[PDB]
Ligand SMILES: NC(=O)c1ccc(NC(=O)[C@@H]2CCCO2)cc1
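Quick heads-up: it's one chain on its own, the form deposited without the named molecule, in structure tokens.
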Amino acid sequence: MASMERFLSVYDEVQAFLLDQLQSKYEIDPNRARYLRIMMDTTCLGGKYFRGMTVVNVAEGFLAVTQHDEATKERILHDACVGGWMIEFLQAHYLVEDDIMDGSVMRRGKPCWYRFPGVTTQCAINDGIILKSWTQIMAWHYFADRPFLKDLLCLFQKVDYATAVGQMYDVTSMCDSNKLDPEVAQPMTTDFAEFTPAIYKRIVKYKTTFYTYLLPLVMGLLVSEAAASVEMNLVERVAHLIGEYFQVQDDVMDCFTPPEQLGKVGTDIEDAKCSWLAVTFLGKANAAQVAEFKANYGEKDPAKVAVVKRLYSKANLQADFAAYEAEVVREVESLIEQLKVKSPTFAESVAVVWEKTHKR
């Protein structure tokens, strides 16, 4: 059976499970069941399933080199699909809540969930809560007797926590740290002293890399009972490296990818985000360029946004991007080599993960 169709079939199975349990155990009525169904579909479906499919792909790699009964191969592939949907639903949770936090308008060429007429923020915050709660219901039901349940829940928990801490880093990235104070309305930085590579790397490491790369790889190892085919510190380092590159790519696209293709009007400049473009620009700008950046960044005025995009264009950040990209290529290839010592198979799964990211 082809992987994607297995994975989509499992979505249907998990959805039916969840909705049927709401009826039998939580006293739900048909209409609220239908609302939840629609919420689940709208918020969890229509992306590329990179995250969830990675769990499946890692598991398929191990199956090719490991002796098992056919029934066991099916059980492992089913568990990899359920685990992948746990990650897709965790992403859905964070995208619903982030879109509300950031006053976002669109996502994947459709309105953000909270903007749907019959949703509203009042419902949507809680819908996002339910999305993450479903990840736990899936795990407790499908992995009840599994030897990896403990480790999978502990890992998922750490990754969710890292992700929330990364959200905090992100939403506070345009403030001066010494001024953070619940009692005082937060001004935007005027110095931009905290727009540095290390501070950027902290934001992206926590906001995105743990859930997008670390969790899919380690979940495919867990459902395969293969965590001893790796050096976990290597897996962490390669996840964090690829994941950073993914985010840099997303930062450049927010500024330069046409909206119809982005699925999004990008507003990182207006929102004063600590983007790779802004940190790279401040790393090579002269005094007058720095001052012109400071006069225009973090403002909704389209003319000021056009001045920042011009400053980026004239600073030939494409060349810095190519240089960054070449260094990451170098480093990812090195880690892949190190991962072949313990597991050619796992190494190859990471190579595929890299190819997929590198070729967006």
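When you see a residue number, it is the position in the sequence shown, counting from 1.
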With reference to the PDB entry, specify whether the mean Cα temperature factor is higher for 50-58 or for 305-313. 305-313
Residue range whose averaged C-alpha B-factor is higher in the record, 125-133 or 198-206: 198-206
Have a look at 260, 151, 99, 225 and flag the one whose Cα has the highest B-factor in the entry. 260
In terms of recorded Cα temperature factor, pick the maximum from 72, 104, 120, 178. 178
Among the modelled residues of this chain, does the Cα B factor of residue 95 put it in the lowest, middle or highest third? lowest
Residue 14: CA temperature factor from the record, placed by chain third, in the lowest
How does residue 31 rank on Cα B-factor within its chain, lowest, middle or highest third? middle
Third assignment of residue 295 from its chain's C-alpha B-factors: highest
Based on the entry's values, in what third of the chain does the Cα temperature factor of residue 334 lie: lowest, middle or highest? middle
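Not on display, but discussed next: the form deposited with the named molecule bound.
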Among 92, 223, 238, 86, which has any heavy atom within 4.5 Å of the named molecule in the deposited bound form? 92
Would residue 146 show up as a contact with the named molecule in the deposited bound form if we use heavy atoms at 4.5 Å? no
Any chance residue 36 has a heavy atom within 4.5 Å of the named molecule in the deposited bound form? no
Does the 4.5 Å heavy atom contact test between residue 139 and the named molecule in the deposited bound form come out positive? no
Heavy atoms within 4.5 Å of the named molecule in the deposited bound form: does residue 195 have any? yes
Can you name the residues of 109-140 that have a non-hydrogen atom within 4.5 angstroms of the named molecule in the deposited bound form? 110, 111, 112, 113
